[PDB]
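As a plain string of letters, each chain reads:
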Number of protein chains: 2
Amino acid sequence: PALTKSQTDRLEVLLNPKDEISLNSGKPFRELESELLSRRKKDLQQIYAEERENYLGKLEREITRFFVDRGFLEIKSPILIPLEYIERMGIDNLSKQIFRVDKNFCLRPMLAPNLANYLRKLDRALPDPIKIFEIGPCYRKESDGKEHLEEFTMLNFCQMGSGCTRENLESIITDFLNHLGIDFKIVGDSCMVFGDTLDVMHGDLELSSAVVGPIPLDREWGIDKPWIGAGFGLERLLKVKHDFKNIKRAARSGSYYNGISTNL
Amino acid sequence: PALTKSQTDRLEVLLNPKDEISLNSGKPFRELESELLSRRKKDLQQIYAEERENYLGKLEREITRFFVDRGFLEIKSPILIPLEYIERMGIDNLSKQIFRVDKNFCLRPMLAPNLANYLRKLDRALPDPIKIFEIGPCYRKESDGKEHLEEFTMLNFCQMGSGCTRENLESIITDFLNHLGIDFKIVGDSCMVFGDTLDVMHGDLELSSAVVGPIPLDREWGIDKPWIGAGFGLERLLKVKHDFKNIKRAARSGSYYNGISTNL
Ligand SMILES: Nc1ncnc2c1ncn2[C@@H]1O[C@H](COP(=O)(O)OP(=O)(O)OP(=O)(O)O)[C@@H](O)[C@H]1O
Ligand SMILES: Nc1ncnc2c1ncn2[C@@H]1O[C@H](COP(=O)(O)OP(=O)(O)OP(=O)(O)O)[C@@H](O)[C@H]1O
Ligand SMILES: N[C@@H](CCCCNC(=O)OCc1cccc(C2(C(F)(F)F)N=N2)c1)C(=O)O
Ligand SMILES: N[C@@H](CCCCNC(=O)OCc1cccc(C2(C(F)(F)F)N=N2)c1)C(=O)O
Ligand SMILES: [K+]
Ligand SMILES: [K+]
Ligand SMILES: [K+]
Ligand SMILES: [K+]
Ligand SMILES: [Mg+2]
Ligand SMILES: [Mg+2]
Ligand SMILES: [Mg+2]
Ligand SMILES: [Mg+2]
Ligand SMILES: [Mg+2]
Ligand SMILES: [Mg+2]
């Protein structure tokens, strides 16, 4: 017997990367589903008995320790931000990806503007160099695929003052991804907000865009020193680490817990 | 000389609870401001040199460890949720406090609906009792005062199955607030979504509303066992712990770092 599209979709929801199970072996849907339901219940029971930590929360904590231990100040800034920040970042009417809230506010699509404000303010009080980072939710309307979510989690680390060179930026990226055990390469790209970026790639998957300033946009933000920064998506890091086929396995979700279907 | 309203506001921004400084001692604004700027720069330099952790992030991590160690599964669910969830929770046209996003979605004003979904789903896979919790951003339009933010951080812990009694709920609340070192009392209140609540009070400040189910609303969420739950605002816990006069000191903000003005 042949499996319908609905049946294959249900098996794919229940399948995890570690399984070696052929969905098209000729065994009936009922037995494949029962086998995978049993495996997934066992997997969830093991998490509940022994770990209980959410992958996105746990990775945020691990990243936070890494940066705090390297001298970066942990930031938690607003997720709801002025729409004016979008304009001031050169996102001239990504502008179509912005979730608007009421009349003058939006959900932040990136962490950079709030971090630029912090760099400027902290430079009046703290010794050179200024090193800060933030992890938290960001939002973009996307044509949904296997690497994009509408609600995702960004890390951005940045530095202003001395030591803001391409080689230091690459060294921090390298130490960071070595800490996570993720192989990568650096390629040149370009984007509208920052211009040239160093994109951090795992295969064809973009883990990060990174920037060596100064750039002309700095004047609009009161930034007047050299700086470096990089933004990473946590769900993409999780996709690599766990070999997920689709990024939704990694997302904030009611449908998966640590990559395991919650429809059991 | 007398201080203007603008001058007093600036001094109040720079003043911290540990200071014993009279703003109305007759000393000129220039010297009071210079003294408090020096204290606040020193305080921020000490954080940067020795701790580097954000109060809201650090308290989320501490709470997460407390609940994970007590057998609760850590949840991270969507912040952008269907507007339909608002209706299904009996928030009939708090309904005025909802931030709408596009046409069918909103920013969650509480964690309860996503947690109700998780309790129902996990009960099909996990042993009794089901114990889960979430910490994260929630949003309400408020008439701004010293205890309300539009963007705040909720903890909700809940349990379904055995052990879902008033005395167990009170015992968890007690162990939790004892862990944080916060004195409290429990008073009866009532709200529209859940009916009678046990409100957890520190003086006149509401730290939490808590509920012993079942309640008639359960049927609309597929909940069909006894349950207990409580929601706490992290910024209110921080306000108590640090003796902040205004909750904005505790909030996600570009204007304060760990209660210290960033306008230095
Ligand atoms: N919609 C999304 N879902 C998940 N992660 C994202 C999304 N958009 C961006 N990111 C992550 O945030 C990082 C920094 O954001 P950036 O603006 O460079 O993304 P981007 O170049 O638009 O990504 P892409 O080209 O894949 O759309 C990205 O490298 C990626 O890891
Ligand atoms: N706007 C807000 N800002 C900060 N914390 C809040 C806010 N609204 C609710 N909380 C926190 O979330 C907890 C659970 O939410 P709940 O719906 O019980 O609040 P509430 O009863 O409306 O609070 P209040 O009566 O103070 O407005 C509250 O006890 C409080 O600690
Ligand atoms: N945000 C990217 C990822 C690369 C991150 C680079 N930005 C960053 O590191 O934050 C610090 C920052 C410092 C100094 C000036 C600026 C700035 C402004 F205004 F744009 F924020 N140029 N003036 C920003 C993405 O998601 O497209
Ligand atoms: N949310 C409160 C704080 C008190 C938290 C009580 N709720 C909670 O603990 O979550 C678990 C939950 C379990 C079982 C059913 C439900 C539910 C529904 F649909 F409302 F979610 N009643 N069916 C919820 C506030 O912020 O007003
Ligand atoms: K597989
Ligand atoms: K999501
Ligand atoms: K004081
Ligand atoms: K805020
Ligand atoms: Mg993109
Ligand atoms: Mg790109
Ligand atoms: Mg990019
Ligand atoms: Mg209220
Ligand atoms: Mg109340
Ligand atoms: Mg209440």
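### Examining the site of ligand 1
Residues and elements named next belong to chain A.
Phase 1 of the analysis: Lining the immediate environment of ligand 1, one finds 14 residues, of which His 148, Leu 149, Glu 206, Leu 207 and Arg 236 sit closest.
Phase 2 of the analysis: In the model, an oxygen atom of ligand 1 is placed 3.0 Å from a nitrogen or oxygen of the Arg 140 side chain.
Phase 3 of the analysis: Contacts to ligand 1 include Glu 142, whose side-chain N or O atom sits 2.9 Å from a nitrogen atom.
Phase 4 of the analysis: Contact with the protein chains covers 80% of the free accessible surface of ligand 1, which is 590 Å².
Phase 5 of the analysis: Broken down by secondary-structure element, the contributors of at least two residues to the shell around ligand 1 are strand 6 (151-160), strand 9 (205-212) and strand 10 (227-233).
Phase 6 of the analysis: Among the residues making up the shell around ligand 1, the classes are represented as four nonpolar, five polar and five charged.

### Re the side chain of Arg 52 of chain A
Phase 1 of the analysis: Structurally, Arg 52 of chain A is set in the loop between helix 2 (29-50) and helix 3 (55-69).
Phase 2 of the analysis: The buried charged residue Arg 52 of chain A lacks any salt bridge, with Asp 69 of chain B as its nearest oppositely charged partner at 5.5 Å.
Phase 3 of the analysis: Beyond its immediate sequence surroundings of up to four residues, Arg 52 of chain A is in contact with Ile 47 and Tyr 257 of chain A together with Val 68, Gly 71, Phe 72, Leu 73 and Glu 74 of chain B.

### Quick look at the coordination of the potassium ion (ligand 6)
Residue and element names in this part refer to chain A.
Phase 1 of the analysis: Only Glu 151 (OE) and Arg 252 (O) from the protein reach the potassium ion (ligand 6) as donors, at distances of 2.7 Å. Highlighted residues: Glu 151 in strand 6 and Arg 252 in the loop between helix 7 (234-242) and strand 11 (256-257), separated in sequence by 101 residues.
Phase 2 of the analysis: A relative accessible area of 13% means that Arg 252 is categorised as buried.

### Some words on the nonpolar core
Phase 1 of the analysis: Within the largest apolar cluster, 52 residues are counted, with the highest numbers of intra-cluster contacts made by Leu 73, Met 89, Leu 122 and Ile 132 of chain A together with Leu 44 of chain B.
Phase 2 of the analysis: When contributions to this core are tallied by element, the ones reaching two or more residues are strand 1 (73-75), helix 4 (83-88), helix 5 (112-122), strand 5 (130-139) and strand 6 of chain A together with helix 1 (5-14) and helix 2 (29-50) of chain B.
Phase 3 of the analysis: The leading source of residues in this core is helix 2 of chain B, at seven residues.
Phase 4 of the analysis: Filtering out sequence-adjacent residues up to four positions away, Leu 122 of chain A remains in contact with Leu 73, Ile 130 and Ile 132 of chain A together with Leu 44 of chain B.
Phase 5 of the analysis: In terms of nonpolar packing, the next biggest core, distinct from the first, is built from 51 residues, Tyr 257 and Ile 260 of chain A together with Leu 115 and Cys 158 of chain B among them.

### A few points about the interface of chain B and chain A
Much of the literature gives interface size as the accessible area that the parts lose upon coming together.
Phase 1 of the analysis: The interface is formed by 52 residues belonging to chain B together with 52 residues belonging to chain A.
Phase 2 of the analysis: When residues of chain B are sorted by the area they lose upon contact with chain A, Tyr 48, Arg 52 and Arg 252 of chain B head the list and together hold 16% of the total.
Phase 3 of the analysis: The interface formed by chain B and chain A contains four salt bridges.
Phase 4 of the analysis: A salt bridge links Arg 61 of chain A to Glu 74 of chain B; its shortest N-O distance comes to 2.8 Å.
Phase 5 of the analysis: The tally of links from chain B across to chain A stands at 26 residue pairs in polar contact.
Phase 6 of the analysis: At the level of secondary structure, the elements contributing two or more residues to the side of chain B that touches chain A comprise helix 2, helix 3 (55-69), strand 1 (73-75), strand 3 (100-101), helix 5 (112-122), strand 5 (130-139) and strand 11 (256-257) of chain B.
Phase 7 of the analysis: Residue composition of the side of chain B that touches chain A, grouped by class: 25 nonpolar, 10 polar and 17 charged.

### Points about the site of ligand 2
Residues and elements named next belong to chain B.
Phase 1 of the analysis: Around ligand 2 lies a shell of 14 residues, among which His 148, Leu 149, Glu 206, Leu 207 and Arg 236 are the nearest.
Phase 2 of the analysis: Within the side chain of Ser 209, an N or O atom sits 3.0 Å from an oxygen atom of ligand 2.
Phase 3 of the analysis: Residue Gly 233 places a main-chain N or O atom 3.0 Å away from an oxygen atom belonging to ligand 2.
Phase 4 of the analysis: Out of a free accessible area of 590 Å², ligand 2 has 80% covered by protein chains.
Phase 5 of the analysis: It is strand 9 (residues 205-212) that provides the largest number of residues to the shell around ligand 2, a total of four residues.
Phase 6 of the analysis: Its residues assigned to classes, the shell around ligand 2 comprises four nonpolar, five polar and five charged.

### Observations concerning the relation of the copies chain B and chain A
Phase 1 of the analysis: Of the transformation placing chain B onto chain A, the axial shift is 0.0 Å and the rotation is 180°, giving an RMSD of 0.0 Å. Here the copies are linked by what is in effect a two-fold axis. Scanning chain B for the C-alpha nearest the rotation axis identifies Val 101 of chain B, at a separation of 2.8 Å.
Phase 2 of the analysis: The share of interface residues of chain B whose copies in chain A are also at the interface is 100%, consistent with both copies meeting through the same surface.

What counts and how
Residues numbered from 1 in each chain as written, not as in the entry; some residues may be left out. Chains lettered and ligands numbered in written order. Heavy atoms only, no water. Near = heavy atom within 4 Å. Polar contact = N/O pair within 3.5 Å; in protein donor to acceptor, adjacent residues only side chain to side chain. Areas by Shrake-Rupley, 256 points an atom, 1.4 Å probe, with all protein chains shown as cover. Helix = DSSP H or I, 4+ residues; strand = E, 2+ residues; numbered from the N terminus. Nonpolar A, V, L, I, M, F, W, Y, C, P; charged D, E, K, R; others polar. Buried < 20%, exposed > 50% of the residue type's maximum accessible area, 1.4 Å probe, protein only. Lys, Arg positive; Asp, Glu negative; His and termini not counted. Salt bridge = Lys/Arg side-chain N within 4 Å of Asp/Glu carboxyl O. Contact = heavy atoms within 4.5 Å. Donors = N, O, S within 2.8 Å, 3.2 Å for Na, K, Ca; no water. Core = buried A, V, L, I, M, F, W, Y, C linked by side-chain atoms within 4.5 Å. Buried area = accessible area lost by both parts, 1.4 Å probe. Least-squares fit on C-alpha atoms.

So, to be careful, I would describe these as geometric facts and stop short of saying anything about function.
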